[PDB]
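Tertiary structure, described
So you can see what is in the structure, the chains are spelled out below.
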Amino acid sequence: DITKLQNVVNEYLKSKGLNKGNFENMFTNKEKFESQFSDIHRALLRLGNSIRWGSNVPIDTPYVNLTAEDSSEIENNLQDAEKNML
Amino acid sequence: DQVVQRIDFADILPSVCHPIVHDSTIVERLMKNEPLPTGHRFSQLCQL
């Protein structure tokens, strides 16, 4: 599902419109490559565009997403997974 | 006239040992304000 989302959404938006982030599309092609640690490095930089489209005149916002209780519940779920991977 | 005339690095010193050669200021300014490379060189060259 990471490959489906990252393929379908990210490359094709930045190709279909706003043809300046193709360097970042080469970065997300290397993110599609199995270099996950270095890939998830600069998820901030590829989050900033989502911040720009969620709210007009782009600012910096917290890294987890827009809804507050969903934002906290994501972190609760990540701590649950980190405690029990199985 | 046919006089053999000779030139050396010891003769070239008063034009090569000037401080405006060994300044970096103008090279820094010009290479700064020069526009950036393109994307397909930018992936190769401007990455480190």
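Header annotation of the entry names cryo-EM as the structure determination method and lists the resolution as 9 Å.

A few words now on the side chain of A:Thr28. All names here are of chain A. Note that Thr 28 resides in helix α2 (residues 22-32). On the basis of relative accessibility, which here comes to 2%, the residue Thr 28 falls in the buried class. Sequence-distant contacts of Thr 28, that is, excluding residues within four places in its chain, are made with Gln 6, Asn 10 and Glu 11.

Residues and elements named next belong to chain A. Look at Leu 18: it is not a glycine, yet its phi comes out positive at around 55 degrees. As for its placement among the helices and strands, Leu 18 is situated in the loop between α1 (2-16) and α2. Positive phi outside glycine occurs at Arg 42, with the angle close to 70 degrees. The exposed category is assigned to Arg 42, whose relative accessible area is 57%.

What counts, and where the lines are drawn
Residues numbered from 1 in each chain as written, not as in the entry; some residues may be left out. Chains lettered and ligands numbered in written order. Part of a larger assembly, values for the part shown. Heavy atoms only, no water. Helix = DSSP H or I, 4+ residues; strand = E, 2+ residues; numbered from the N terminus. Buried < 20%, exposed > 50% of the residue type's maximum accessible area, 1.4 Å probe, protein only. Contact = heavy atoms within 4.5 Å.

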